[PDB]
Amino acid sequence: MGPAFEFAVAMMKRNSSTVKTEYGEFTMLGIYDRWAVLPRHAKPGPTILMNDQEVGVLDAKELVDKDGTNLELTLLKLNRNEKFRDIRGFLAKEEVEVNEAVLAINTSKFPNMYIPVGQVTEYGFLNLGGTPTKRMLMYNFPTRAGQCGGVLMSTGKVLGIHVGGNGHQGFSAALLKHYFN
């Protein structure tokens, strides 16, 4: 569990930022290059505040599977000259399951806070706030608003991005390797 936190803390320090869109404040993970990722419901506009700085969003892909079903992630390419440490190698090919995960959040409400959400099982199908959604990971932890974009980790693994919950369970969209090249 320590090693997971240890990984979590170096990962967030190296690849995360706090983002403001018009839909709220979110944690954001840079994946490679100038591409990062947000929960879909961050509905990012044509520009964003990234660590308190205006950044224009070159592109954005609201992800759905073949049958078109909601996956709940948006990817965005950012005109900044800086390139994110490529972490694609940490992203799995299919939904991961771990016994001890850490959820990492980096915003104004929760600056650099980590939550031992313990055990994460592929939940799969979920009707999320009315929306048919798939590829969800589920963890037993009493999650809260302001936590979206939160990064779900174990040692060695970026498992996905936090997108919802209700009182005593939370849910991440699984962050799969092939969403980027």
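Residue positions are given as counts along the sequence shown, with the first one as 1.
Asker: Mean CA temperature factor from the deposited coordinates, higher in 71 to 79 or in 100 to 108?
Answerer: On average, C-alpha B-factors are higher across 71 to 79.
Asker: Mean Cα B factor from the PDB record: higher for 164 to 172, or higher for 19 to 27?
Answerer: The stretch with the larger average C-alpha B-factor is 164 to 172.
Asker: Among 156, 116, 56, 150, which carries the highest Cα B-factor?
Answerer: That would be 56, according to the entry.
Asker: Where does residue 179 sit by CA temperature factor within its chain: lowest, middle or highest third?
Answerer: Its C-alpha B-factor belongs to the middle third of this chain's values.
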